[PDB]
Each structure stands twice: as C-alpha cells, then as structure tokens.
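The block underneath contains the structure these notes are about, expressed in structure tokens.
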Protein chains: 4
Amino acid sequence: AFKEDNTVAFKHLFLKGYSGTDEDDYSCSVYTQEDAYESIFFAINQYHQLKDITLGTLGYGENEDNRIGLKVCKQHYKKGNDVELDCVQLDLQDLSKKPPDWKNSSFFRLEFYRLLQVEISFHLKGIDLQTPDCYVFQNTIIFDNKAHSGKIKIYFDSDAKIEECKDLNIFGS
Amino acid sequence: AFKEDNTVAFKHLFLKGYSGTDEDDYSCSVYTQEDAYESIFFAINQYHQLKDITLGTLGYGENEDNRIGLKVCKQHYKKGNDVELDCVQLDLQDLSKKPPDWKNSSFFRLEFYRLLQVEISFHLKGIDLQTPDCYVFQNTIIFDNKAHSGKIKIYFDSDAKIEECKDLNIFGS
Amino acid sequence: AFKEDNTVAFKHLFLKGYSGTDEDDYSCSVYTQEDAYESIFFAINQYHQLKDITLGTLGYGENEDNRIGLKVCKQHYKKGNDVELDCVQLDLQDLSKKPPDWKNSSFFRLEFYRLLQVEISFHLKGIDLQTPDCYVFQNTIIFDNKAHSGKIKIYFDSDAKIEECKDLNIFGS
Amino acid sequence: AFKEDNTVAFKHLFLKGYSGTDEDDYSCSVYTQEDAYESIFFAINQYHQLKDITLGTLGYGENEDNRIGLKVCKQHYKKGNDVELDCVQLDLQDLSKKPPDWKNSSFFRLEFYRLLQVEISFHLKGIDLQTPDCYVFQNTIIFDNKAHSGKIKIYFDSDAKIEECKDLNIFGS
Ligand SMILES: [Cl-]
Ligand SMILES: [Cl-]
Ligand SMILES: [Cl-]
Ligand SMILES: [Cl-]
Ligand SMILES: [Cl-]
Ligand SMILES: [Cl-]
Ligand SMILES: [Cl-]
Ligand SMILES: [Cl-]
Ligand SMILES: [K+]
Ligand SMILES: [K+]
Ligand SMILES: [K+]
Ligand SMILES: [K+]
C-alpha cells in the first residue's frame, strides 16, 4: 500500500485540478493552450514548493543521470515526419531564482500544432514509517499530444523501488 | 479516431461550461436568458480567438456558400404559427472590430417566448499528422428552444469529410 | 412533456444551487441557517425577476384565493407540542419596493430550533406553443424541517392543469 | 432516524468541503499541509459558531471528564518508534478570545512527516421534538495520517445515547 498510496497523493499534488479519479488510461486532460501551460507550470511549481505541501515522509532524490531537480523534455516535428527531442534540466536553484528565468526560455514557447509531447521526470525518496523501508519514486508526468485531436492527455507514472536508507533530508524535519 | 476525437475537443472549446459528458441527446442546457446569451456569445468568442485556444492542427475553412466566418441563424414565430428565419454572417473582420458592432445588432435582441432556435454554423479544416489526411469539419451549434419548456437544449453537430490538402493556414504555424 | 418539462426548468429557476438531479424524494437540502435563508430569499427573488430569467412562454397567475404574488407560510411550535401557522402575502409591488421592507418583517426572523416548515406557493400560467393549450401551474416550494435533524429538505411541487386561454401577459411580449 | 440523521448534518457542519458522500471508510481527505490546517481549523471554528449555524435542536454538552468545549489530541513519533500523545482543551472562552491565542500555541505547529493523527472530540446535546427524547452525541473528528502515504483520511464518528432531559440551553432559544 505505501508505494501505491503515495502515487495517489502525487496525482493530487502535481496534476492541476485532478478530480481524484482517472479519466481513462490517463489521469486528466486539457483542451486549450492556456490550460496546457497552466498544468505544466503547476506541476513544476508544486515540485519547487514540495516541502510546504506534502503530508508524506518524503525528500528530493537524484535522477538516474545524477542531475538534480526536474528533467523537462519535449518532442515536436522538425521545421521541415522527423521528430526532434529537446530537454532542459531545472534544478532547485533554477526554480528558486527571482526572476525565474527558466520560464522565459525558448524551450517553454510551445508550438502546439507540431508538439507531440512534453515529459517532466524526477525522483522522490520516501520512508515507510508505519513498518524502516526506504523507497525511491521514479516519477514521470506525460502531456501527450500525439493524437493531435485537440486534447492533451495527462499521465502520471510512478515506479517505486526499495533502496538503502542513505539520503537524510525529509521535508519538515 | 481523428475526426471523432476532434468533435470531443470542439464541445470543450465551444460549449460554455461543458462538463465533458453529454446530458442526453444534447451536450448541455440552459434555463435562463442570461445563460442562453452567455453560451451563444461564448461559442462566437471562442471561434474568434480559436488560434490562441486550440491544441489541434486546425485552421478556419470557407462555408458551403463561400462566405467566411460564422453563419448565425434564428427561427421565431412571426409577430402576427408562421415561422420566420433570419440569418447574419459574422466574418473574421466583423468579430475583430472594436467596438464589436455585431453584438449590438437587432438580430441579437432575442425574444425567448417566441424563439424556436438559434443555429451557429462554420467550417474548420484539420490535418491528421499522426497518419497526411486533411479533413473539413462542418460544425453546427444548435440552441434548441422548440419545446418552449423553459429549457434550451444545446447540440454540437460535426460532419467531417476527407478533402485535398489545399488550405495552408494552420493556427500557430 | 410540456407540463413535466416546465417542472424541471422551475427547479433550476427557483432552487438555489440545484444540481439538476433530485437528492432523494426532495430536490435539495441545506444544513446551515445562512444557507436556509439564502435558499428562501433566492426563490422569492427569482419569482420577483421571472420576466428577465425564464426561457419559457409564461406569465404570473392569480392564486386560488385571488391574492397576487407569493404566499409564504411557516409552521412552528408555539412559545409554551401546539403548532402555529403564520402566513404573509408578497405581491408584485411588495417585491419591487425599495427598500424591500418585506425582508425586515418579523415573519422572516426564523427560529430554526422550533421551525417545522416554510412553504412558498404561487401560480404561473404557460402556453404550449409547440401544439394552443394554456396551463395553470400551482407551484409550492417546501423547506421541510419536521425531522429537526439539522437538515432542511427542499421540495418543489407543481400541479399543472389545462385552462382557458384568458390571461394575456407573457414575459418578453 | 434522529441520531443517524444528525450525524449526516454534523459531517456537513464540521468537515470542510464535505461532498455529501463518504469517500470510502472515511468521509473525506486532504493531500496538502495547507488543506490539513484549513480542515482542522474549520471544524474548530464551526464548533465555536455552532449556535449561528445549526438548523437542529442542539446545545453544547460537557465531556466525559467534565471539561467543556473541545479536546484536541495529537499523536506523533518522539524526537529520538515511540509515540507521544499531547492534548489541549479549548473551552468556549478560549475560542471566543480576541486575539484567539489558542491558534498560536506550539500544539498547532504540526510536523506532518512524524504526525500520526489529530483527534477533535466534543459532546453535543439534542432533543428529538418530532417524538421528548434527549440525546447526548459523543463526536470525534479523526485526521488520520498513520499510513504516512501523503493522504490524511478524515473520519467523523458520533455515538449517540438517550439521556435525561436536564441541560436547558438549545441554540436560538
Ligand atoms: Cl495561451
Ligand atoms: Cl514545441
Ligand atoms: Cl438577460
Ligand atoms: Cl428572436
Ligand atoms: Cl444566519
Ligand atoms: Cl419561525
Ligand atoms: Cl502550510
Ligand atoms: Cl505534530
Ligand atoms: K508503475
Ligand atoms: K456526425
Ligand atoms: K404533481
Ligand atoms: K457510531
């Protein structure tokens, strides 16, 4: 229950306007450019402020490539059927910067008519105090526009694995 | 899936307060004069600002009669059982005018006690990038007051046909 | 369908926050003194402004006793098991008065701990243009506190009968 | 029906944003620190202002230990698997104080990463006028964080027993 129950809470934390029930194979969806932007930026802002939000026993974790914070990738048709992959890494200092210069980068000027998808990925670490067992949560938020139907499908994927209790930082401690 | 999935997105784009599920044979309904006005004007305003809203690969299309923009028709009992049909054509320049003089025309001074229906019709063009196939969407928004029961039923009808890829303008490109 | 469909519209017009589906044997309910007041005053205000709200082919009708406007009755335990019935008649001039002095009467200083129920009753007249047949709607809004359980159950009752087409006044004509 | 129907009304009165239907074995839930605080403080504030809210025939009652008002208890892991229980008693004078100094106590500086649960308990007295029978309601609001899953489950428990009609004070009388 610990890993599965944390996944539900992550959907409520990171998916803007999540109703509490998945729409279909995806958690929720958007139909406008404004709502797509607001959902992407909400997920990033909730990650940035996670210590003042979460009710769990969690902390930030390093990614698979040792980069810290969020990896934001996007796929879009090249200007001229070829698909181009672009990624940006937003660490904790990037997200805490004032002005938050990362929001004005060219990466976030999305061209929805040729955008296939946006993916946000990050790791969280959690401790199961009720049993202690430490988990690494590999989280991915996918903004799927591959159908190009006017609807973006939003998925929250979380793979959790038991790991050694090494990372000390738990939010609120 | 492309034409059918675009129809769902059109309901979210053009029907004010659409819950995401059709009420019955119609998509949604209104019970007040204020809500009837707000739903009609919302559909027109969403069409006017479509390039900054849609997540799809769409553009405006010409109507069957070569008129551009929206055709708004209304049916009402004549002043004196005979039904009178009145139509107005709102092109892109009409909708972009400041002040938007079209909103103050006598056509939009509705008399609900004798109004049978209001119909908004327009064409959109779309490209199925996932497969390319070009579609013409013949859209009709019907505000049905024929029951005169205090409830206006709102339908969104879309007939989509495959056509030659001739029109160049796709929103955001 | 005409009389039954008008009843649905009346629930949307006169019952504050009506969800569109009846809760149980009653249409909706309230759990606070503020919400009870707001629902009662909303029903009265919607009646007062009915000509600028309804989408139907309706007009005001005289009551069974020839009094015009709304009859508001309340039942409460006497100060000292005996039930006392008090009524007020709010005609169209009472509801249009500025200040609306009727709202400050002692009748509307409700004592919820001993209040059994509040009843609002009025007649509306309607014409079935689709077929013409004229209907008299005998409407009653009941705020039922007889259980004294902390929940007021709100019912909308409408009995409609075919009558001669004599009354001329239809809202918006 | 009297005791059971009052329980439904208590859920609407004391549980912030209660939808009217229990989520599962609990009435509702929260996923953020802000929402946890807002739900706890709402329950206390609704108790404090109960005379201007309830539609029932109720009054405040003494607790099992003769203390008046609310007992708020919390369970949390000690700083250094041992569980510590801390309680505060908020009487009617504490809740009516300006500034309400009770809100700034160290007790209400919650540490969610080690918080097991928060419990609010109080008694209400009610009279069944429809039949008179007097009831004592032993109410408990539990904010359950024992899973440490990121979700706090909120329960409303009410045990009601018939007692002698001795307490005079009924709200609004
Ligand atoms: Cl935008
Ligand atoms: Cl892009
Ligand atoms: Cl209006
Ligand atoms: Cl008209
Ligand atoms: Cl009040
Ligand atoms: Cl009263
Ligand atoms: Cl907070
Ligand atoms: Cl604590
Ligand atoms: K998984
Ligand atoms: K069709
Ligand atoms: K009836
Ligand atoms: K019980």
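In the structure tokens, chains take letters A, B, ... by order of appearance, with residues numbered from 1 within each chain and ligands from 1 in the order shown.
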Using backbone DSSP assignments, extract all alpha helix (DSSP H) residues from segment 14-66 of chain B; output them as number ranges by chain.
-> B: 14, 33-48
Would you give me, as a PyMOL selection string, the residues in segment 2-167 of chain B that DSSP reads as strand (DSSP E)?
-> chain B and resi 28-30+58-61+70-77+83-90+115-128+133-144+152-163
Give me the residues near residue 122 of chain A as a PDB file with N, CA, C and O atoms, in the first residue's frame, where near means some atom within 10 Å (using only C-alpha atoms) and where sequence neighbours in that chain fewer than 2 positions away do not count.
```
ATOM      1  N   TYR A  47       6.424  20.881  -7.431  1.00  0.00           N
ATOM      2  CA  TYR A  47       7.735  20.258  -7.163  1.00  0.00           C
ATOM      3  C   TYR A  47       8.637  21.244  -6.451  1.00  0.00           C
ATOM      4  O   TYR A  47       9.288  20.883  -5.471  1.00  0.00           O
ATOM      5  N   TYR A  60      13.583  15.162  -1.790  1.00  0.00           N
ATOM      6  CA  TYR A  60      14.008  15.134  -3.190  1.00  0.00           C
ATOM      7  C   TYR A  60      15.061  14.056  -3.385  1.00  0.00           C
ATOM      8  O   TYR A  60      15.857  13.816  -2.478  1.00  0.00           O
ATOM      9  N   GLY A  61      15.098  13.457  -4.566  1.00  0.00           N
ATOM     10  CA  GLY A  61      16.107  12.457  -4.909  1.00  0.00           C
ATOM     11  C   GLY A  61      16.830  12.838  -6.178  1.00  0.00           C
ATOM     12  O   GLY A  61      16.303  13.608  -6.987  1.00  0.00           O
ATOM     13  N   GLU A  62      18.052  12.313  -6.355  1.00  0.00           N
ATOM     14  CA  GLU A  62      18.830  12.490  -7.585  1.00  0.00           C
ATOM     15  C   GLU A  62      18.204  11.669  -8.697  1.00  0.00           C
ATOM     16  O   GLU A  62      17.708  10.575  -8.430  1.00  0.00           O
ATOM     17  N   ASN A  63      18.356  12.113  -9.943  1.00  0.00           N
ATOM     18  CA  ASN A  63      17.871  11.358 -11.091  1.00  0.00           C
ATOM     19  C   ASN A  63      18.891  10.288 -11.451  1.00  0.00           C
ATOM     20  O   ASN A  63      20.005  10.295 -10.896  1.00  0.00           O
ATOM     21  N   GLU A  64      18.511   9.389 -12.377  1.00  0.00           N
ATOM     22  CA  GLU A  64      19.343   8.288 -12.896  1.00  0.00           C
ATOM     23  C   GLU A  64      20.707   8.758 -13.455  1.00  0.00           C
ATOM     24  O   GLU A  64      21.702   8.041 -13.357  1.00  0.00           O
ATOM     25  N   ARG A  67      21.719  14.195 -12.186  1.00  0.00           N
ATOM     26  CA  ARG A  67      21.290  15.587 -12.320  1.00  0.00           C
ATOM     27  C   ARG A  67      20.230  15.770 -11.249  1.00  0.00           C
ATOM     28  O   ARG A  67      19.608  14.788 -10.842  1.00  0.00           O
ATOM     29  N   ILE A  68      20.119  16.975 -10.675  1.00  0.00           N
ATOM     30  CA  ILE A  68      19.172  17.191  -9.580  1.00  0.00           C
ATOM     31  C   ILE A  68      18.031  18.076 -10.100  1.00  0.00           C
ATOM     32  O   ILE A  68      18.189  18.799 -11.105  1.00  0.00           O
ATOM     33  N   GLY A  69      16.864  17.886  -9.513  1.00  0.00           N
ATOM     34  CA  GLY A  69      15.662  18.598  -9.918  1.00  0.00           C
ATOM     35  C   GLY A  69      14.890  17.875 -11.002  1.00  0.00           C
ATOM     36  O   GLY A  69      14.821  16.648 -11.018  1.00  0.00           O
ATOM     37  N   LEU A  70      14.290  18.639 -11.903  1.00  0.00           N
ATOM     38  CA  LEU A  70      13.403  18.135 -12.933  1.00  0.00           C
ATOM     39  C   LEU A  70      14.045  18.075 -14.286  1.00  0.00           C
ATOM     40  O   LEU A  70      14.689  19.034 -14.697  1.00  0.00           O
ATOM     41  N   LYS A  71      13.737  17.032 -15.040  1.00  0.00           N
ATOM     42  CA  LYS A  71      14.123  16.970 -16.431  1.00  0.00           C
ATOM     43  C   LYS A  71      12.821  17.195 -17.196  1.00  0.00           C
ATOM     44  O   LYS A  71      11.813  16.532 -16.903  1.00  0.00           O
ATOM     45  N   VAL A  72      12.801  18.195 -18.081  1.00  0.00           N
ATOM     46  CA  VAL A  72      11.625  18.510 -18.895  1.00  0.00           C
ATOM     47  C   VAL A  72      12.050  18.263 -20.327  1.00  0.00           C
ATOM     48  O   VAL A  72      13.022  18.875 -20.790  1.00  0.00           O
ATOM     49  N   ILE A 120       7.811  15.492 -17.933  1.00  0.00           N
ATOM     50  CA  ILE A 120       8.502  16.001 -16.743  1.00  0.00           C
ATOM     51  C   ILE A 120       8.917  14.789 -15.942  1.00  0.00           C
ATOM     52  O   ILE A 120       8.036  14.010 -15.565  1.00  0.00           O
ATOM     53  N   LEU A 124      11.758  11.131  -6.230  1.00  0.00           N
ATOM     54  CA  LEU A 124      11.493  11.493  -4.846  1.00  0.00           C
ATOM     55  C   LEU A 124      11.920  10.316  -4.022  1.00  0.00           C
ATOM     56  O   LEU A 124      11.924   9.189  -4.530  1.00  0.00           O
ATOM     57  N   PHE A 137      11.091   6.901  -5.685  1.00  0.00           N
ATOM     58  CA  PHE A 137       9.967   7.023  -6.619  1.00  0.00           C
ATOM     59  C   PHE A 137      10.488   7.642  -7.888  1.00  0.00           C
ATOM     60  O   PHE A 137      11.025   8.750  -7.822  1.00  0.00           O
ATOM     61  N   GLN A 138      10.403   6.937  -9.017  1.00  0.00           N
ATOM     62  CA  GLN A 138      10.803   7.480 -10.332  1.00  0.00           C
ATOM     63  C   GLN A 138       9.517   7.959 -10.975  1.00  0.00           C
ATOM     64  O   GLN A 138       8.718   7.130 -11.420  1.00  0.00           O
ATOM     65  N   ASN A 139       9.275   9.294 -10.947  1.00  0.00           N
ATOM     66  CA  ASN A 139       8.014   9.891 -11.416  1.00  0.00           C
ATOM     67  C   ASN A 139       8.139  10.521 -12.808  1.00  0.00           C
ATOM     68  O   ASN A 139       9.176  11.082 -13.156  1.00  0.00           O
ATOM     69  N   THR A 140       7.111  10.355 -13.612  1.00  0.00           N
ATOM     70  CA  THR A 140       7.064  10.944 -14.949  1.00  0.00           C
ATOM     71  C   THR A 140       5.662  11.496 -15.168  1.00  0.00           C
ATOM     72  O   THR A 140       4.681  10.801 -14.915  1.00  0.00           O
ATOM     73  N   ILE A 141       5.571  12.751 -15.567  1.00  0.00           N
ATOM     74  CA  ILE A 141       4.307  13.389 -15.931  1.00  0.00           C
ATOM     75  C   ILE A 141       4.373  13.546 -17.457  1.00  0.00           C
ATOM     76  O   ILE A 141       5.262  14.240 -17.978  1.00  0.00           O
ATOM     77  N   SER A 158       4.584   6.410 -11.948  1.00  0.00           N
ATOM     78  CA  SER A 158       5.479   6.316 -10.802  1.00  0.00           C
ATOM     79  C   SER A 158       5.932   4.882 -10.666  1.00  0.00           C
ATOM     80  O   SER A 158       5.088   3.999 -10.565  1.00  0.00           O
TER      81      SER A 158
END
```
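With only C-alpha atoms as the basis for measurement, D:135 is the residue among D:143, D:135, D:37, D:156 that approaches chain C most closely.
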Please, which residues of chain D lie no more than 10 Å from chain C when the count uses only C-alpha atoms, and can they be set out as a VMD selection string?
-> chain D and resid 1 to 13 50 to 58 126 to 132 170 to 173
Would you kindly return, as a ChimeraX atom specification, each protein, DNA or RNA residue with an atom no farther than 6 Å from any atom of residue 118 of chain D, considering only C-alpha atoms and excluding same-chain residues fewer than 2 positions away?
-> /D:73-74,142-143
C-alpha atoms of the current selection, written as an mmCIF file, in the first residue's frame:
```
data_model
loop_
_atom_site.group_PDB
_atom_site.id
_atom_site.type_symbol
_atom_site.label_atom_id
_atom_site.label_comp_id
_atom_site.auth_asym_id
_atom_site.auth_seq_id
_atom_site.Cartn_x
_atom_site.Cartn_y
_atom_site.Cartn_z
ATOM 1 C CA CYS D 73 -5.213 15.481 20.813
ATOM 2 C CA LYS D 74 -2.344 14.620 18.565
ATOM 3 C CA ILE D 142 -10.064 11.991 13.346
ATOM 4 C CA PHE D 143 -7.353 13.327 10.947
#
```
Identify, counting only C-alpha atoms and all ligand atoms, the protein, DNA and RNA residues located within 8 Å of ligand 9, and give them as a ChimeraX atom specification.
-> /A:157-160
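Considering the residues B:49, B:93, B:105, B:21 and counting only C-alpha atoms and all ligand atoms, ligand 1 has its shortest atom-to-atom contact with B:49.
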Quick one: residues within 6 Å of residue 28 of chain D, only C-alpha atoms counted, chain neighbours fewer than 2 positions away excluded, as a PyMOL selection string?
-> chain D and resi 23+26+154
Could you save those same residues with N, CA and C atoms as a PDB file, in the first residue's frame?
```pdb
ATOM      1  N   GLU D  23     -16.027   9.215   1.202  1.00  0.00           N
ATOM      2  CA  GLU D  23     -15.090   8.777   0.162  1.00  0.00           C
ATOM      3  C   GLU D  23     -14.886   7.287   0.144  1.00  0.00           C
ATOM      4  N   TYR D  26     -13.807   6.559   5.276  1.00  0.00           N
ATOM      5  CA  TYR D  26     -13.668   7.880   5.886  1.00  0.00           C
ATOM      6  C   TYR D  26     -14.515   8.818   5.074  1.00  0.00           C
ATOM      7  N   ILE D 154      -9.996  11.653   6.789  1.00  0.00           N
ATOM      8  CA  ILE D 154     -10.755  12.342   7.811  1.00  0.00           C
ATOM      9  C   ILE D 154     -12.029  11.579   8.124  1.00  0.00           C
TER      10      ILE D 154
END
```
Long-range neighbours of residue 102 of chain B as a compact mmCIF listing (two decimals) with C-alpha atoms, in the first residue's frame, 12 Å cut-off, only C-alpha atoms, 4 positions minimum in chain:
```
# COMPACT_ATOMS: atom_id res chain seq x y z
CA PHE B 41 -21.59 34.68 -27.18
CA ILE B 44 -18.72 33.05 -31.07
CA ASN B 45 -15.86 34.43 -28.97
CA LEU B 70 -19.84 32.15 -38.84
CA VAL B 72 -25.84 32.62 -37.20
CA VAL B 88 -26.38 37.03 -40.17
CA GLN B 89 -22.86 36.30 -41.36
CA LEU B 90 -20.04 37.20 -38.98
CA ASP B 91 -16.69 37.13 -40.79
CA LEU B 92 -13.27 37.40 -39.12
CA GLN B 93 -13.18 41.25 -39.60
CA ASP B 94 -16.66 41.62 -38.01
CA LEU B 95 -15.51 39.65 -34.92
CA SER B 96 -12.19 41.58 -34.67
CA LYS B 97 -13.87 45.04 -34.92
CA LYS B 98 -13.61 47.36 -31.88
CA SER B 106 -31.21 43.81 -33.68
CA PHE B 107 -30.58 40.14 -34.67
CA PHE B 108 -29.06 39.51 -31.18
CA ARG B 109 -32.07 41.08 -29.30
```
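Of the listed residues (C:19, C:40, C:85, C:80), C:85 comes nearest to ligand 6; the distances count only C-alpha atoms and all ligand atoms.
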Residues within 8 Å of residue 16 of chain C, please, as a compact mmCIF listing (two decimals) with N, CA, C and O atoms, in the first residue's frame. Count only C-alpha atoms; anything in the same chain fewer than 5 positions from it doesn't count.
```txt
# COMPACT_ATOMS: atom_id res chain seq x y z
N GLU C 38 -30.61 31.98 2.51
CA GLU C 38 -30.25 32.25 1.12
C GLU C 38 -31.16 31.49 0.17
O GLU C 38 -31.60 32.07 -0.79
N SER C 39 -31.48 30.20 0.45
CA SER C 39 -32.40 29.45 -0.46
C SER C 39 -33.81 30.05 -0.47
O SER C 39 -34.45 30.12 -1.53
N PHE C 42 -33.60 33.46 -2.35
CA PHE C 42 -33.35 33.23 -3.77
C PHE C 42 -34.66 32.88 -4.48
O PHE C 42 -34.93 33.42 -5.54
N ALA C 43 -35.44 31.92 -3.94
CA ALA C 43 -36.71 31.53 -4.58
C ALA C 43 -37.61 32.76 -4.76
O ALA C 43 -38.21 32.94 -5.81
```
